[PDB]
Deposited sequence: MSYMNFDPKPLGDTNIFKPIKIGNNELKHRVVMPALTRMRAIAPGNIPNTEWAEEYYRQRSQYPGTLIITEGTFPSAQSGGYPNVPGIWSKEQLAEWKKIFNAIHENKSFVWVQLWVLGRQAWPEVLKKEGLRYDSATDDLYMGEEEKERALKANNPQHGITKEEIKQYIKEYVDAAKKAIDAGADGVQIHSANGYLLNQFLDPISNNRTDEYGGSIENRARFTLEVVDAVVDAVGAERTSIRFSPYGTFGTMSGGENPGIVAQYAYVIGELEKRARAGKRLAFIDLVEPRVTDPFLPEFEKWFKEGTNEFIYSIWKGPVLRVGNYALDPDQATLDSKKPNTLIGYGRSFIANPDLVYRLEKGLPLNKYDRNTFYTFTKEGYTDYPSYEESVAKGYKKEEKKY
């Protein structure tokens, strides 16, 4: 079991119901998007053989919001062979099964749409005849990644206006397919140093067209994606994720003092859209400065994710803020019955980091329920 003194959350805000988009959540413990690398290659196909049971376990407490693992909305968005896609018929046939399992449990599923940019593996992309994309040609994540891209004869490529538009069409296509197959909503991944974050952050975007050179310009791609997705599926079925203080992927974080203003701009623009009648279902923030700033800008639901499993005091406190959901990542990997365990203040299984990203049933669906653990 994890090393903390467990405390029951059942009489806190974390266990009050809330409406998020179209869904009546019975509580506010959320499963955030978690990359697990169990999808089948080739074809980036969801591995229903193992994945259906994974999402069934974790949606077992009725009225849970589940956000899927990052899912590629197109081939060119991708680059990791064992991450699922949602653009092909054969992918969607498998997703439908997963969604059905979550719905049988009377829980909800939101698909996270994930586009890699410079975090992709350039030799895998090259094999598939695909570009190694980012905001720029020359701002590589690091010298090792640069040497990787050069060795693959797939140098980083700052995307054109036309290729930007093609991405936006791919977000749209993937969002409509997800909803058509039964998903309750989609989440636009704009965090953790992937493609849209690469535009947002000045460390990875010094473009001199309208997509770089200012806070407004750096937010433009993200906001065009939001607007296109909102138009296709409705704001009630759309969410977005940010990581203001993240440095993963060679992003700025707090080391750049202008980082908060970048996020306050983009969230303000989402707020302006909401006042005009198109309010996103929720904004998801990665916890580290602090994320307190959001509450002065966005007047909609907020999901906060990061470090809450070992800190029920801080989860309790943050949930007193208005319309705040509390996400659990690593602890949800390791605890199928996390919601129950949180509600009752039971000990939590320790996670096994060695099986986070392996192509195995082990460390995926064999973590025990509280009863089994005893």
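Student: Let me make sure I understand the coverage. Which parts of the deposited sequence, in order from the N-terminal end, have no C-alpha coordinates here?
Tutor: Those stretches are 1-2, 291-306, 393-403, listed in order.
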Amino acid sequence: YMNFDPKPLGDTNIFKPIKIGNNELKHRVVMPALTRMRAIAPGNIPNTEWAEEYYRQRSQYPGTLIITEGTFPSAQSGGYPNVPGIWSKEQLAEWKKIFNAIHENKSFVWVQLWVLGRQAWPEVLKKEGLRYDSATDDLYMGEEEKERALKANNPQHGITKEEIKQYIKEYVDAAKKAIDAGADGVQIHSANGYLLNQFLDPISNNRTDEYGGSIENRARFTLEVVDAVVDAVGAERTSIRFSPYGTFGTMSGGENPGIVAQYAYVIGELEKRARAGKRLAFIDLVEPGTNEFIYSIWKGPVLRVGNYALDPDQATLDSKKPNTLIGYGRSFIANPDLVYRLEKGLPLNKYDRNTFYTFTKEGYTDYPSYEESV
From here on, numbers count along this sequence of modelled residues.
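Student: Using the B-factors recorded in the PDB entry, average over the C-alpha atoms of 74-82 and of 137-145, then report which stretch comes out higher.
Tutor: The stretch with the larger mean CA B-factor is 137-145.
Student: Mean C-alpha B-factor higher for 310-318, or for 325-333?
Tutor: That would be 310-318.
Student: Between 182, 117, 244, 268, which one tops the list for C-alpha B-factor in the PDB entry?
Tutor: Among 182, 117, 244, 268, the highest C-alpha B-factor in the entry belongs to 182.
Student: From 198, 262, 107, 208, which pick has the Cα B-factor that tops the rest in the entry?
Tutor: By C-alpha B-factor in the record, 208 ranks first.
Student: C-alpha B factor of residue 98, ranked within the chain: lowest, middle or highest third?
Tutor: Residue 98: CA B-factor falls in the highest third of its chain.
Student: Would you please rank residue 175 by its C-alpha temperature factor against the other modelled residues of its chain and give the third it falls in: lowest, middle or highest?
Tutor: Middle third - that is where residue 175 ends up once the chain's C-alpha B-factors are sorted.
Student: Rank-wise, by C-alpha B-factor, drop residue 287 into the lowest, middle or highest third of its chain.
Tutor: Middle third - that is where residue 287 ends up once the chain's C-alpha B-factors are sorted.
Student: State the tercile, meaning the lowest, middle or highest third, of residue 164 with respect to the CA B-factors recorded for its chain.
Tutor: For residue 164, the deposited C-alpha B-factor lands in the lowest third.
Student: Mind checking which third residue 32 falls in for C-alpha B-factor across the chain?
Tutor: As the PDB entry reports it, the C-alpha B-factor of residue 32 lands in the lowest third of its chain.
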